[PDB]
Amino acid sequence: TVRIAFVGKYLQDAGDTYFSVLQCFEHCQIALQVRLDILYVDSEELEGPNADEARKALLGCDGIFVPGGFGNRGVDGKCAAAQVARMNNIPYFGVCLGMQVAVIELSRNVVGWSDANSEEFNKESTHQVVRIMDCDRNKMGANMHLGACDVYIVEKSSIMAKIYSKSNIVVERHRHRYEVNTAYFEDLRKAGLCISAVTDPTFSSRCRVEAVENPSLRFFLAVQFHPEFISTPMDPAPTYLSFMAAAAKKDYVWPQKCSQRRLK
């Protein structure tokens, strides 16, 4: 059995929020032939004076997963999940908010910006490592990115390159508003983060980060897109599949060519 820490809420109070996420995990479970055992962890237990108690629970897991979530509930705990993963070489997979907390985590604990945050959770931060792009913004509000988008895999040695069968461009679907702040790419890179996929291969101020990795570690990957929006039992999301593979301590044969479901 493969123990995965699922960092968000208890089953009781999740509703149907993780319906598609759990479907994807199930596609993967079948493709890999592994007994998945998800630990549903309340992210708020990973913050405060007692958090070492919750951290211990994560250390006994084979993988640590942070899904998309809503509001600012448990952001510091989700960052703390990413920290445990990074410091202990426990496979990590983050989706949307899961990628944002990997960035915030790294900014606080390695870059040394104690006040690093997303603009979403702390408008007063002097290190808004995640923020709304200027081109998306109004005086009244900002774009809600939904739908399909070209994703450029820009690091040939990355997890992304591998799991998408060396395709240079793939197509994934979105639901987000805030992007990684392009002004801090150097600092993130210096701190060990690889920007492995982007919307714009020239890395301008309009370059939207689609995937980050930490190649010092066995498996540390976080994506902006929601991979669970494209997954079937026969064609599971490669991102989720590779995470579960790493957690199970198993290999997997990637196809010679990326499935057409994720190509233009």
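Numbering starts at 1 and follows the sequence shown.
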Stretch exceeding the other in mean C-alpha B-factor - 240 to 248, 20 to 28: 20 to 28
Higher-B stretch (mean Cα B-factor, as the entry records it), 34 to 42 or 191 to 199: 34 to 42
Selection from 179, 105, 136, 150 [criterion: highest C-alpha temperature factor in the record]: 136
Among 205, 231, 214, 224 - the residue whose C-alpha B-factor is largest in the record: 205
CA B-factor ranking of residue 125, expressed as a third of its chain: highest
Entry-reported Cα temperature factor of residue 183, expressed as the chain third it lands in: middle
Residue 86 by Cα B-factor - lowest, middle or highest third of the modelled chain: lowest
For residue 73, the third of its chain into which the C-alpha B factor falls: highest
Third assignment of residue 54 from its chain's C-alpha B-factors: highest
